[PDB]
**Student:** 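Sending over a structure as structure tokens; questions will come in a sec.
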Protein chains: 4
Amino acid sequence: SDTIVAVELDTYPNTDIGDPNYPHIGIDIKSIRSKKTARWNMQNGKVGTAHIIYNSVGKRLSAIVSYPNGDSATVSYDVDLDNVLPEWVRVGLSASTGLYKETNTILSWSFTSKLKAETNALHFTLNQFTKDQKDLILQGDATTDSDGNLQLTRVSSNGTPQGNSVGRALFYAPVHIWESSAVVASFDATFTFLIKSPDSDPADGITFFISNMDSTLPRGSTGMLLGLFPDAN
Amino acid sequence: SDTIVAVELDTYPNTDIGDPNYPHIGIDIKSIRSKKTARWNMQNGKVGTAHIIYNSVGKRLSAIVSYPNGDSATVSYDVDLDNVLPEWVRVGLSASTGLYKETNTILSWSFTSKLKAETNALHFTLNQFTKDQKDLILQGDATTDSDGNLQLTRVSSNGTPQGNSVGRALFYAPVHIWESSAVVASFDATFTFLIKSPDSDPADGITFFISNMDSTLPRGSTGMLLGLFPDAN
Amino acid sequence: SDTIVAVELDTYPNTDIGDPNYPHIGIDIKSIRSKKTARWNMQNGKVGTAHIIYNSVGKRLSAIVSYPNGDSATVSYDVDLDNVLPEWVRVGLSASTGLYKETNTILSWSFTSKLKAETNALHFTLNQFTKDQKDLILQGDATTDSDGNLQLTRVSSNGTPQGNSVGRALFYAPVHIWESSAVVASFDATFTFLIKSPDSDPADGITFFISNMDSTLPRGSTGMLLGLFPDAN
Amino acid sequence: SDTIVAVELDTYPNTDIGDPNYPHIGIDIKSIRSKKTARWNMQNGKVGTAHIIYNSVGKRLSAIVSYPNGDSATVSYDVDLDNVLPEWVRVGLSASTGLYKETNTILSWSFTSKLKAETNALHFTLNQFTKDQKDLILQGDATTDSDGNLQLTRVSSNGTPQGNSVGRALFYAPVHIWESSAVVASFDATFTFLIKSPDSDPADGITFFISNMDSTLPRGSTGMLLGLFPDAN
Ligand SMILES: CO[C@H]1O[C@H](CO)[C@@H](O)[C@H](O)[C@@H]1O
Ligand SMILES: CO[C@H]1O[C@H](CO)[C@@H](O)[C@H](O)[C@@H]1O
Ligand SMILES: CO[C@H]1O[C@H](CO)[C@@H](O)[C@H](O)[C@@H]1O
Ligand SMILES: CO[C@H]1O[C@H](CO)[C@@H](O)[C@H](O)[C@@H]1O
Ligand SMILES: [Ca+2]
Ligand SMILES: [Ca+2]
Ligand SMILES: [Ca+2]
Ligand SMILES: [Ca+2]
Ligand SMILES: [Mn+2]
Ligand SMILES: [Mn+2]
Ligand SMILES: [Mn+2]
Ligand SMILES: [Mn+2]
């Protein structure tokens, strides 16, 4: 059993497991059933930006996703992540397709963790994903293509997405997401993405997630489960 | 009428104007009557650290003050500061003494503002306050001493604090604390301080504050009013 | 007499005052006659990036300018800037036109100064130049337009550049570019620009510069003198 | 054969292999015989700071080490590190004792790498070394003690250093120290250390180093060879 915290860019409504009946952004604390969601107008073929922000003093996990034309969606959830995650974690990106499909392309990814100037800190930014990105752990169908972009889920040589794909990219170094001696733990994550499908109803979405160090893809996690959970509890 | 947002390190309980009956940290939104407070054990003669954190997605102003031995106090307040402050501001530090006194010594001050990589951003750190600090606006009794520390309120050549003192230090450049085109505005401030008095009941406290650009010290603002407000409304 | 250090993007060869017979990048230490230059292929209508880097341990001022297609020009000069500049400075951007013209448009500007975690530090990034940018000091013809870009030299409502223009933009807060107690002083500057002319031989260029605090535009400084020097000595 | 670039804090003069006849700081490019050295007054029992700075435009590797009382030593060497190191590396700290001994205690370590806002970047800061620091690779005698400090070489429960010790600490994630598409590669490293011996002539020193990813401690590298080289060529 992996422990999971995640911000989800859910493009396909699986209303049976709690989804609203539209594309949406959500905050997932140890369950695919988001503790809080917001309506999200996904824009086929456009490059969006997700910003995730957490603060251990305020104990609020906040996320906003937006597109160059302005359209944004925002969700927030009161949660003390020091009561959820282990001391050391890995951070990652995941994505899935199912019966409906889409590109799950990452163009850039940034993360910053700070423990507080006796500050422990970790920060990375990736704007070009080389073929052998030695500081990323790729799982499932995730690969890096010839444009220097990360393809979380399978895409054909044409460029057309495929269904029933799962893929995840984890940063190589573990993250001291909190330590006992800290008065301020905090982190911020940013990624830009390109989701494009022929489907007038694409699937399934992208997430940013935090998990225990040794986390691999749970069996039975494609489509609605976003490569994060074994079931829908 | 200046517009003021402030985190206050209130060392003296003025219970008539809403104070708890102990030293405390508070969040002040356009009034000395803190919207939220927390018990704070001030430690005479020790160097404390204040950390202030705000996020426009979460709309939570959080603050924590602590000492090297660990003792911390934390307060948070839900407020959308985009609905309170003007677009351009100055950030500052203030402090007062009244009938009871204390040193209000600043040893270091950091600020970071980010508008979101089309990011407008401003960040400064001051660990030594030279005699003519050309990037600080000093108001009232504030001066910089021979140890490279900032003395917000008057201290004699001996080193003994004086009463009925007011002093403020504002950063020279205005701060674009938000702009309309932003999806993420956020800021963080940090300062270390040394509060020392012969009084078994020192007064009055230090604040970090944000205000309109042309803000000067309001008349009638010493002691309990912390150099921020003209009255106690 | 202002004291000036500058990296120059010289688009027009004024061979009489030391220029090479091509567009070039140069390092200017208290004289328009660059201490060191490099050939630069300016690309009409494209957005370039200039990166300026200095280190007080290595005592090397380095600059590189480049375009999205890759073409770059690099120049370096051994100089101890602690022996040239005053303790407190302002940093800026300037540009000129003369008999030949060009747009001198700034789209983004970043600066970072660090004195060394007892670090004094100042850092700003400007990606949108609002109409009233309260943290920039505009001089001469410099204004901000309706696209959120900074126009160092005059451009007509059409968008066509004009000749005999001078303009400079200085950051509002002075910069502690060095202090005596430092073991490491260092700074880095970045700006992106758009230079466009109908002229098959545009003029005159853009610079990033450091100067004394009270520096205004010297008389007789347009065209080849880049708004920095009173003469060509 | 590992490829090695290193800044060395050489406390013991091994004059047979090129050392000056005093403690010194040096720049080591693929050989223990420093390309450039500087006199260094090591201060027994005091906490020093080393700052290492490199820039791909200036192609100068610079280093400065200093103590709270001010005494500093500075060395610089013109070298294009893009012509020396592989694309992906690990960064580390090493230290040795031999016939003479000393503590080789690291209290803090920071590193920052930037490829240039299409910036790839990696940055970490470690101010407390927990018992199981999951983001450090420890080699040889390196361990973390009960004060949250890293002990590169063996120290007894008393706190007394031991001779013939070797130890290295490498950051877990590889570092894209340069990529072909970059116009600016650069990095900066900082570490604070405590070197203390009963010996009026302690040995051997601490280094910061960059090496190929799979680098382990070369056989025959203790004492004068600083855990970096197999021989003295
Ligand atoms: C019909 O359901 C399937 O397809 C949808 C959309 O692709 C997924 O959400 C789901 O998990 C299944 O894989
Ligand atoms: C007795 O009241 C005075 O002194 C206290 C403590 O110094 C202040 O809080 C107050 O504003 C007055 O100046
Ligand atoms: C002919 O010279 C004029 O025009 C050129 C190019 O515009 C400038 O460099 C120069 O200073 C004069 O203004
Ligand atoms: C006598 O030489 C030995 O001791 C010195 C100082 O400890 C080392 O530099 C050297 O490599 C050997 O180990
Ligand atoms: Ca779903
Ligand atoms: Ca009070
Ligand atoms: Ca010229
Ligand atoms: Ca030696
Ligand atoms: Mn969902
Ligand atoms: Mn109060
Ligand atoms: Mn020139
Ligand atoms: Mn040596």
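Reminder, nothing fancy here: chain letters follow the sequence lines and each chain counts from 1. All heavy atoms count here, side chains included; hydrogens, waters and symmetry mates do not. One-based numbering, in listed order, for ligands and for the atoms of each.
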**Student:** Check for me whether the distance between the ring centres of B/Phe191 and B/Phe208 falls short of 6.0 Å.
**Tutor:** no

**Student:** Answer yes when A/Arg60 and B/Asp78 have at least one side-chain N-carboxylate O distance shorter than 4.0 Å, and no when they do not.
**Tutor:** yes

**Student:** Parallel, tilted or perpendicular: which one describes the rings of B/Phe124 and B/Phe171, with boundaries at 30° and 60°?
**Tutor:** parallel

**Student:** Run through the protein N/O/S atoms less than 3.0 Å from the Ca ion (ligand 6) and write them out by chain and number.
**Tutor:** B/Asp10 OD1, B/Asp10 OD2, B/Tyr12 O, B/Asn14 OD1, B/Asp19 OD2

**Student:** Below 4.0 Å from any atom of ligand 2, which residues have a heavy atom? Give them in chain and number order, please.
**Tutor:** B/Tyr12, B/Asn14, B/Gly98, B/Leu99, B/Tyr100, B/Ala203, B/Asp204, B/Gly223, B/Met224

**Student:** Is the closest side-chain heavy-atom distance between C/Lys101 and C/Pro198 below 4.5 Å?
**Tutor:** yes

**Student:** For B/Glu102, run the side chain to side chain donor-acceptor pair (under 3.5 Å) check against B/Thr153, B/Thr97, B/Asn44, B/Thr11 and tell me which one passes.
**Tutor:** B/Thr11

**Student:** Nearest heavy-atom pair of C/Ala50 and C/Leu9: which atoms, and what distance?
**Tutor:** CB-CD2, 4.3 Å

**Student:** Is the number of heavy atoms from other residues, nucleotides or ligands within 6.0 Å of OH (B/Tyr22) greater than 12?
**Tutor:** yes

**Student:** So does C/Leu226 get a backbone contact from the side chain of C/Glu8, meaning a donor-acceptor N/O pair under 3.5 Å?
**Tutor:** no

**Student:** For a 4.5 angstrom cut-off between non-hydrogen side-chain atoms, does C/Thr207 reach C/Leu228?
**Tutor:** yes

